[PDB]
Amino acid sequence: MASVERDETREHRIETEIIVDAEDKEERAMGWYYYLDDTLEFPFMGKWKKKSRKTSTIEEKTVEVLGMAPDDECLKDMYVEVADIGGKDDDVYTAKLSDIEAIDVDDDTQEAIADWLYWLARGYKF
């Protein structure tokens with residue numbers, strides 16, 4: 001198994017603390033989104049560890065992460081708005097938080113981002 005998480009305590013806690021009011025994946029995406037955006041000490045920065053190359057190799061684009069994307073896009077994945085400080089610098093795009101590594105951010109922001117990544121790797125249940 002992935003073993004990124006291996007004890008059910010975090011699954012019981014998140015169930016009883018973050019998505020108590022939600023019973024379907026669309027609602028639970030909004031539960032995740034709400035607390036995550038409220039926890040992100042945005043704006044911040046990261047590296048977009050983009051795997052989408054033709055060779056499927058990782059590529060690393062330095063980005064300023066403006067905040068979460070519109071909630072309407074985030075019904076399925078925790079998207080974030082990003083500016084290409086590693087390239088274009090003067091324009092903005094959207095990225096999967098799932099495809100980013102946060103840099104030089106506050107501990108509670110880094111932990112929220114890490115916990116999304118760990119959850120997603122442990123299983124995309126919602």
# chains A, B, ... in the order shown; residues from 1 in each chain; ligands from 1
>>> residues_around(residues="region 42-59 of chain A", least_positions_apart="2", cutoff="9 Å", atoms="only C-alpha atoms", output="list in words")
residues 37, 39, 40, 61, 62, 63, 64, 65, 66, 67, 68, 82, 86, 95, 96, 97, 99, 100, 101, 102, 103, 104, 105, 106 and 109 of chain A
>>> residues_around(residues="residue 1 (chain A)", least_positions_apart="3", cutoff="9 Å", atoms="only C-alpha atoms", output="PDB file with N, CA, C and O atoms, in the first residue's frame")
ATOM      1  N   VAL A   4       1.619   6.346   3.110  1.00  0.00           N
ATOM      2  CA  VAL A   4       1.731   7.780   3.393  1.00  0.00           C
ATOM      3  C   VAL A   4       0.940   8.129   4.668  1.00  0.00           C
ATOM      4  O   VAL A   4       1.321   9.017   5.430  1.00  0.00           O
ATOM      5  N   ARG A   6      -1.297   5.368   7.522  1.00  0.00           N
ATOM      6  CA  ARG A   6      -1.385   3.954   7.856  1.00  0.00           C
ATOM      7  C   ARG A   6      -2.169   3.696   9.143  1.00  0.00           C
ATOM      8  O   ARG A   6      -2.311   2.536   9.529  1.00  0.00           O
ATOM      9  N   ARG A 122      -3.181   8.754  -0.165  1.00  0.00           N
ATOM     10  CA  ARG A 122      -3.794   7.688   0.635  1.00  0.00           C
ATOM     11  C   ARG A 122      -5.058   7.143  -0.035  1.00  0.00           C
ATOM     12  O   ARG A 122      -5.395   5.979   0.192  1.00  0.00           O
TER      13      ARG A 122
END
>>> select_by_dssp(residues="chain A", states="alpha helix (DSSP H)", output="NGL selection string")
:A and (9-17 or 25-39 or 107-122)
>>> write_last_selection(atoms="N, CA and C atoms", output="compact mmCIF listing (two decimals), in the first residue's frame")
# COMPACT_ATOMS: atom_id res chain seq x y z
N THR A 9 -6.78 7.15 12.71
CA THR A 9 -7.09 8.31 13.55
C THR A 9 -7.32 9.56 12.70
N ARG A 10 -6.45 9.87 11.73
CA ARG A 10 -6.63 11.06 10.91
C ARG A 10 -7.91 10.97 10.08
N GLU A 11 -8.29 9.78 9.60
CA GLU A 11 -9.52 9.60 8.84
C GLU A 11 -10.74 9.79 9.75
N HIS A 12 -10.71 9.28 10.99
CA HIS A 12 -11.79 9.52 11.94
C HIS A 12 -11.87 11.01 12.29
N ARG A 13 -10.73 11.67 12.50
CA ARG A 13 -10.73 13.08 12.89
C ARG A 13 -11.30 13.92 11.77
N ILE A 14 -10.81 13.76 10.54
CA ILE A 14 -11.26 14.60 9.44
C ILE A 14 -12.77 14.40 9.21
N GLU A 15 -13.25 13.15 9.29
CA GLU A 15 -14.66 12.80 9.19
C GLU A 15 -15.50 13.53 10.24
N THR A 16 -14.98 13.70 11.46
CA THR A 16 -15.73 14.22 12.59
C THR A 16 -15.39 15.68 12.91
N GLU A 17 -14.60 16.36 12.05
CA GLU A 17 -14.12 17.71 12.32
C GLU A 17 -14.21 18.63 11.10
N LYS A 25 -19.31 13.55 -2.36
CA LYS A 25 -18.00 14.04 -2.79
C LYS A 25 -18.01 15.52 -3.20
N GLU A 26 -19.08 16.02 -3.82
CA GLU A 26 -19.15 17.43 -4.22
C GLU A 26 -19.18 18.32 -2.98
N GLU A 27 -19.99 17.95 -1.99
CA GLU A 27 -20.11 18.69 -0.74
C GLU A 27 -18.79 18.62 0.03
N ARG A 28 -18.15 17.44 0.04
CA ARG A 28 -16.90 17.24 0.76
C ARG A 28 -15.74 17.95 0.09
N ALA A 29 -15.77 18.15 -1.23
CA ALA A 29 -14.81 19.00 -1.91
C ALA A 29 -14.95 20.43 -1.38
N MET A 30 -16.18 20.92 -1.18
CA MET A 30 -16.40 22.25 -0.62
C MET A 30 -15.98 22.33 0.85
N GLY A 31 -16.17 21.27 1.64
CA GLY A 31 -15.69 21.21 3.02
C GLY A 31 -14.16 21.36 3.07
N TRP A 32 -13.45 20.56 2.26
CA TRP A 32 -12.01 20.68 2.09
C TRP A 32 -11.62 22.10 1.67
N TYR A 33 -12.26 22.61 0.61
CA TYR A 33 -11.93 23.90 0.03
C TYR A 33 -12.05 25.02 1.07
N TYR A 34 -13.17 25.06 1.78
CA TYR A 34 -13.49 26.08 2.75
C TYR A 34 -12.40 26.17 3.81
N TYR A 35 -12.07 25.06 4.49
CA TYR A 35 -11.09 25.14 5.57
C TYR A 35 -9.69 25.39 4.99
N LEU A 36 -9.37 24.81 3.83
CA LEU A 36 -8.05 24.95 3.22
C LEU A 36 -7.81 26.42 2.87
N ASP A 37 -8.70 27.06 2.12
CA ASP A 37 -8.54 28.46 1.73
C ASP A 37 -8.47 29.37 2.96
N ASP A 38 -9.27 29.08 3.98
CA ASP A 38 -9.23 29.79 5.27
C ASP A 38 -7.90 29.59 6.02
N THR A 39 -7.18 28.49 5.77
CA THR A 39 -5.92 28.16 6.44
C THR A 39 -4.70 28.67 5.66
N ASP A 107 3.87 27.44 8.82
CA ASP A 107 3.73 26.04 9.21
C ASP A 107 2.32 25.52 9.01
N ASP A 108 1.28 26.29 9.35
CA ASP A 108 -0.10 25.80 9.25
C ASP A 108 -0.55 25.72 7.79
N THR A 109 0.02 26.58 6.93
CA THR A 109 -0.21 26.52 5.49
C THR A 109 0.49 25.29 4.93
N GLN A 110 1.77 25.10 5.24
CA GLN A 110 2.54 23.97 4.75
C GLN A 110 1.87 22.66 5.18
N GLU A 111 1.45 22.55 6.45
CA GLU A 111 0.80 21.36 6.97
C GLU A 111 -0.55 21.11 6.27
N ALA A 112 -1.34 22.15 5.97
CA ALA A 112 -2.61 21.97 5.28
C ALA A 112 -2.39 21.42 3.87
N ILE A 113 -1.39 21.97 3.16
CA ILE A 113 -1.03 21.55 1.81
C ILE A 113 -0.51 20.11 1.85
N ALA A 114 0.40 19.80 2.78
CA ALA A 114 0.94 18.47 2.96
C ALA A 114 -0.19 17.47 3.24
N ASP A 115 -1.15 17.84 4.09
CA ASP A 115 -2.24 16.95 4.47
C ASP A 115 -3.18 16.68 3.29
N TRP A 116 -3.43 17.66 2.41
CA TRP A 116 -4.16 17.42 1.16
C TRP A 116 -3.40 16.41 0.30
N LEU A 117 -2.08 16.60 0.14
CA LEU A 117 -1.26 15.72 -0.68
C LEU A 117 -1.28 14.30 -0.11
N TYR A 118 -1.11 14.16 1.21
CA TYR A 118 -1.13 12.87 1.89
C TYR A 118 -2.49 12.20 1.74
N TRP A 119 -3.59 12.93 1.92
CA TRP A 119 -4.93 12.40 1.74
C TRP A 119 -5.10 11.88 0.31
N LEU A 120 -4.70 12.67 -0.68
CA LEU A 120 -4.93 12.34 -2.08
C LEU A 120 -4.17 11.06 -2.43
N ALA A 121 -2.93 10.96 -1.96
CA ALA A 121 -2.09 9.78 -2.13
C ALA A 121 -2.63 8.56 -1.37
N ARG A 122 -3.18 8.75 -0.16
CA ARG A 122 -3.79 7.69 0.64
C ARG A 122 -5.06 7.14 -0.03
>>> decode(residues="region 75-91 of chain A", atoms="C-alpha atoms", output="tab-separated table (two decimals), in the first residue's frame")
chain	number	residue	atom	x	y	z
A	75	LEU	CA	-15.57	20.60	-6.96
A	76	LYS	CA	-13.02	17.85	-7.82
A	77	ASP	CA	-9.47	19.01	-6.89
A	78	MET	CA	-7.93	21.77	-4.72
A	79	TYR	CA	-6.97	24.20	-7.54
A	80	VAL	CA	-4.92	27.37	-6.85
A	81	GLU	CA	-4.29	30.54	-8.89
A	82	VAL	CA	-0.60	30.99	-9.70
A	83	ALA	CA	1.67	33.59	-11.33
A	84	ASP	CA	4.68	32.30	-13.30
A	85	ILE	CA	7.41	34.15	-11.37
A	86	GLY	CA	9.80	31.51	-12.87
A	87	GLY	CA	8.91	32.63	-16.45
A	88	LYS	CA	6.15	34.99	-17.69
A	89	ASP	CA	6.08	36.87	-14.29
A	90	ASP	CA	3.38	39.35	-15.48
A	91	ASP	CA	0.52	36.85	-16.06
